[PDB]
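Below is one structure, written out as structure tokens; comments come after it.
There are 6 protein chains.
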Amino acid sequence: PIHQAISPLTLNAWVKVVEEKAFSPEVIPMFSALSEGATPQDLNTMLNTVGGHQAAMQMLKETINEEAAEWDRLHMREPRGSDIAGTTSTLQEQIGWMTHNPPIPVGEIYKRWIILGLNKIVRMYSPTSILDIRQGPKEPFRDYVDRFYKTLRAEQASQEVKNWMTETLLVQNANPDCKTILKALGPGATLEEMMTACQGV
Amino acid sequence: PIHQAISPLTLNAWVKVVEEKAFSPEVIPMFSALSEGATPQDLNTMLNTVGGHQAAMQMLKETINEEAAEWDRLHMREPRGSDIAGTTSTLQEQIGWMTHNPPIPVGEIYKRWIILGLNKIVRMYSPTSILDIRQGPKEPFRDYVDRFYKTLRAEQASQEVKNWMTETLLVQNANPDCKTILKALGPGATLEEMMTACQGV
Amino acid sequence: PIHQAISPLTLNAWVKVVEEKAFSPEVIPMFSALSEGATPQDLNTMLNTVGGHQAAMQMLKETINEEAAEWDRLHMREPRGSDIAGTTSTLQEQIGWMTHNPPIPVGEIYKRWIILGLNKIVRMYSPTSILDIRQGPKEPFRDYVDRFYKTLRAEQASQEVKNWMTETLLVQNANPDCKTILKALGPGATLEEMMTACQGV
Amino acid sequence: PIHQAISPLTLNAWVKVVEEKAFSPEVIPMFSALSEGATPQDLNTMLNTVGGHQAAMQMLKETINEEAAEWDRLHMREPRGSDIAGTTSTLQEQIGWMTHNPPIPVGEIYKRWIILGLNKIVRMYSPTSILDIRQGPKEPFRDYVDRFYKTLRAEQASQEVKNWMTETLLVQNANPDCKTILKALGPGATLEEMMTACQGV
Amino acid sequence: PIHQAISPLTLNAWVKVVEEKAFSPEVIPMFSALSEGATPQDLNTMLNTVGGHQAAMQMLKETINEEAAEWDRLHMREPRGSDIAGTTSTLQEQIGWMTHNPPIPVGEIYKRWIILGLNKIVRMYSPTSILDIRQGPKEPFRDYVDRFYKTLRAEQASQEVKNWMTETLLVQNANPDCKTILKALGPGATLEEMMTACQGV
Amino acid sequence: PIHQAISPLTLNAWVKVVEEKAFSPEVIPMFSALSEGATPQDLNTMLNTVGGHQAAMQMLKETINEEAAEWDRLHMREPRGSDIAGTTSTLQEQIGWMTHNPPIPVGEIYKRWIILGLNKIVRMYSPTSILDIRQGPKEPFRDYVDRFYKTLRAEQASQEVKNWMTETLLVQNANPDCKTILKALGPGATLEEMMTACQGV
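Protein chains in written order, with the working numbering: chain A, 69 to 269; chain B, 69 to 269; chain C, 69 to 269; chain D, 69 to 269; chain E, 69 to 269; chain F, 69 to 269.
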């Protein structure tokens, strides 16, 4: 990235993460950490290298096409949608644009589109919905909380709904004894206080 | 590549990929990502190192000979076919040509020929044809789509035929229940909509 | 860190340590050794990458919110709490602040907050309390001391209480024979003297 | 090589290749790719490090002696055979010669001699001769071609004989059905055409 | 060390050595080879990272306290004991002292103290004393010598006592036949002569 | 070496080779390839790190003492034996001597002494003598030659004796059939000719 060719120690890491972690919600920060300040011709190389999950990678290409069309409708030379995707642009043109004054972050825009696509694909790949997660009969409370939040991390929503869900839904799905202990704890109890009060059981 | 010798951490990676991934359609982007801005005398070293699959590597040499003959018929000194292949050229001559003003991308041309050869060899190595891929009796729809597109990726064709194949052939090979659900969904349904509507079954 | 992107050889190491060592008390120095002189936008990348233990990572985010609120109440432009956390700041603004004269160590402050959060989370994750650790019937004294101190390392307290605990509590929980040998050794005996006197048994 | 000492990441790779791949015909390009622009005092270090196969490495030393004697008979100071082999020369003398104007490629000459020796040793290590390779009763044609060419790669001969062997001998050793299909295909059929016509069986 | 942060490829190596080799007498040279010209704030990071063996690492801290107290009693600004240990000093102060003219080797002093502590801890961790090592009934003489010297390496003593022990004690503990052969060899026999004379048995 | 500290990627390689390869005759070139242009204070670090084989490493120290005494008897300031060994010299003095004009290769001398010691130790560690190596009843001739030369490599002797041994002793120990075939081949037969004539059996 920003010129020098992308090192094989990065492509192998990206391929290995996608192969092993599947599309768990932690793939998105890994993608944004591996490719920093990269031209679109590097994200394309980073995306085509993924061996399996071609059906879920075409869906990411559909999303790229939609965003490119929206930018093209909205709008050196003018950067159009097919130029942001890096499929109708030369390496010299992109590097000159990224080093121009003022610079146009074509790579940054493509990275943002990929992040949107990855958010949507991971959202679909979530196994089950939050309302289906229920506390087990004999299960440590730390395990239950660390499963509930892992499920909630995949879904994305506005802070008002999520804040309501974390505060109230969590205490609703507990077993009778844990529900009584949470109720006895009372309102305004932070997560640490809830877990440390109910850690004995 | 562009002068410095190619690092062993790249030859080992290229050999290991070809040995393990065989000629799955993801080998082509890996080849184009490992060797960037490389002289033809580096692609030759990257090709001879492949241990097995010598029959499919001679076919890549036949394709190189055909393309070299076509360029020689079409046409410092003049770059002929035997000079593009790097077998009748000196390292000093190639480096001088690649640093000359204007530069002649002899390495780029050889890389393009190898990409054409790799496309043809992978096309032959595809196990079965698209029309043979049929949905199973009890099989998740995501699995079926991610097998159908993996098979379709190997074949290369014009966008008009492929667009027709992806839109219509996919809905033709489904089982009666999935075919009914797809038909009830109606025209203009994108891939994400099809999969999310039929994900319940 | 301090500009250049964080190498993947560091993110993989941090993820692997947290995955394997869990939250044993040695994670805190590992975290402070991996990220030196790093902008807050690097600690965020280092924290989001952790796959599991999301419940214990949200608690670290609650602690970050509390510390950010306290700083905001206490107080280029003024660095507020949401700016220290790196969620409402640009990379250019942070780098300029960290290279400004005089420099404001926003990254250092965030690192200190994370260290406080990590201390609290590890303190909670300690399996059992010191008073529950008792010497076994037939157990080497070195093993007993190296289990007692490992348990005591997780708990953090003022030096006066800890000095009292190490000097007196250690000799209180021994078996009758080891208690007699420690008493025969007498006051002012350092740890090495205690272990080398009682190493025979 | 060209001054800096040879990195251990190269000696380990060379030792591991020779240990694992034995003397398969792909060792020669690996040797020519690992040591580029290297002084003779580096090839000697790269040759002595090989643990096993000392009998086949002495034969490479016999070949070096023969070539050195021929050069000595044929012919700063004059580079003689014992000087090309690097056993009677100082590092300063070799580096000065390799940086002199005009430079004498003593390292290149030694590398060429080693390549000749390696060609001869691999030729001897070939398991069986081409005429012994016969198509099996029930064997895929791709497997047969990829075994026939692997055997033919070890033997080295003039292009006229090899071209005759590849065109005619290949179609002679086939089974009756494959021989009939090849004959029905007719003259001028390239390797790809032969394999794709007979791939069905 | 001497400014740049310590690479993770060194902390992992140090942790892995201490975890695997335990406190065998070869840990001391490994510690002195990993950290060269390092500030005290790097040795502290290298010491806290050790996961297990906390009891034997507190003893190393007791030794550090003793040496720091002795230096403080013995004695920019004056470097006191709590300043040598790096717990009451800033990174800027230490770097300035280590780059000052004349430079004060605070890091070197801390390294020497750690070496003294490591010598003492390894001395305690030695399994058995030299006088307990006896030659077996049917045991190769090379094995016996290579066990005797490994035990003697852990103990540290003045050269006069050790020279007496190596010359005389070694020949005292042999079996009757080996004792007769050693006696027949006579005085002034070096170790190589003893082993090569008695290697037949 | 020549100033910068020795990388841990070299110490680990040296320790791993000595641990695995034991003292096979290929350890000597590995030692001379790992440490090039190194000060004596680096060879000492490279020697002390070896975990096992302390008996055979003390013998290398005895040899160092003998060579140091001989140099001291034979003879900035004068480099004496205890100064060549690096045990009574400062790093500044050695670096200044190695960068002085004219430079004194104290490191080179120590390296040569270690090579002499390693030759002697490997010579002792050879399992059996050449005269004990006999051809088996049913054994491939290549295997026999590659065992005979491996044994002969450990022993070091003048070229006149070794040339006599390779030419005549090799043909003396063969079985009757191979002895007849070698005799029928006649005088002046090189190793390759002998092996290729007798390779059929």
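C-beta: ideal position from N, C-alpha, C; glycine also.
- The alpha carbon of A265/A has as its nearest neighbour, out of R210/A, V229/A, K230/A and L115/A, the alpha carbon of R210/A.
- Of the candidates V95/B, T107/B and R148/B, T107/B places its Cα closest to the Cα of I70/B.
- A distance below 9 Å separates the beta carbons of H71/C and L159/C.
- The count of Cβ pairs closer than 8 Å, one atom from the stretch 200-209 of chain E and one from the stretch 234-254 of chain E, reaches three, so the stretches are in contact.
- Nearest in C-alpha terms to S100/F, of all of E88/D, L79/D and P93/D, is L79/D.
- If you compare the alpha carbons of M127/E, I74/E, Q203/E and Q267/E with that of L111/E, the shortest gap goes to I74/E.
- Per DSSP, the unbroken alpha helix (DSSP H) holding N116/A starts and ends at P108 to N116.
- Neighbours of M98/D in chain B, taken as residues whose beta carbon is under 7 Å from its own, are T117 in chain order.
- Neighbourhood of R148/F in chain D, by CB distance below 7 Å: empty, with the nearest CB roughly 27 Å away.
- If the five residues before and after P93/C are omitted, its C-beta is found closer than 6 Å to the C-beta atoms of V190, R221 and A222, all from its own chain and listed in chain order.
- Under the 8 Å Cβ criterion, the stretch 136-156 of chain B counts as touching the stretch 171-179 of chain B, having at least three qualifying pairs.
- Annotation: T107/C has no Cβ neighbours in chain E at a cutoff of 9 Å; minimum Cβ distance is about 14 Å.
- Using a 10 angstroms sphere on the CB of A90/E, the tally of other CB atoms stays under 16, which defines it as exposed.
- Taking each of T113/F, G119/F, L77/F and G256/F in turn and checking the Cα distance to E88/F, the smallest one comes out for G119/F.
- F209/E carries a helical assignment under DSSP once its states are collapsed to helix, strand and coil.
- In the structure shown, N231/B adopts helical secondary structure according to DSSP, grouped into three states.
- Under the three-state reduction of DSSP, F91/A is assigned to coil, being neither helix nor strand.
- A Cβ-Cβ distance of about 17 Å is found for the pair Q126/C and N187/C, leaving them out of contact under the 8 Å criterion.
- Beta-carbon to beta-carbon, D214/F and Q122/D are separated by about 6 Å, close enough to satisfy the 8 Å threshold.
- Under the rule that a run must span 4 or more residues, the alpha helix (DSSP H) segments found entirely inside the stretch 124-161 of chain B read 149-152.
- Residues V85, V86, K89, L186 and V190 of the same chain have their beta carbon placed closer than 8 Å to that of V95/F, with the five preceding and five following residues left out of the count.
- Close to chain F, meaning a Cβ-Cβ distance shorter than 7 Å, are the following residues of the stretch 198-220 of chain E: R210, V213, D214, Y217 and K218.
- Residue environment analysis places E135/F among the buried positions, since at least 16 neighbouring C-beta atoms fall within 10 angstroms of its C-beta.
- In the structure shown, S197/E adopts coil according to DSSP, grouped into three states.
- Within chain A, the residues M192 have their CB atoms less than 9 Å from the CB of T264/B, given in chain order.
- CA-CA distance, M263/A to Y217/E, rounds to 56 Å.
- Chain order gives the chain A residues near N80/C as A81, where near means a beta carbon separation below 8 Å.
- In the displayed model, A257/C falls within coil according to three-state DSSP, outside both helix and strand.
- For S100/B, the three-state secondary structure derived from DSSP is helix.
- The beta carbon of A123/F falls within 9 Å of a beta carbon belonging to chain E, placing the residue at that interface.
- Taking all protein chains shown into account, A252/F has fewer than 16 neighbouring C-beta atoms within 10 Å of its C-beta and is therefore exposed.
- Secondary structure of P170/B (DSSP, three-state): coil.
- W82/E counts as buried, since no fewer than 16 other beta carbons sit within 10 angstroms of its beta carbon.
- By the Cβ neighbour-count rule, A137/A is exposed, with fewer than 16 other Cβ atoms within 10 Å of its own.
- Not a single CB atom of chain F sits nearer than 9 Å to the CB of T158/D.
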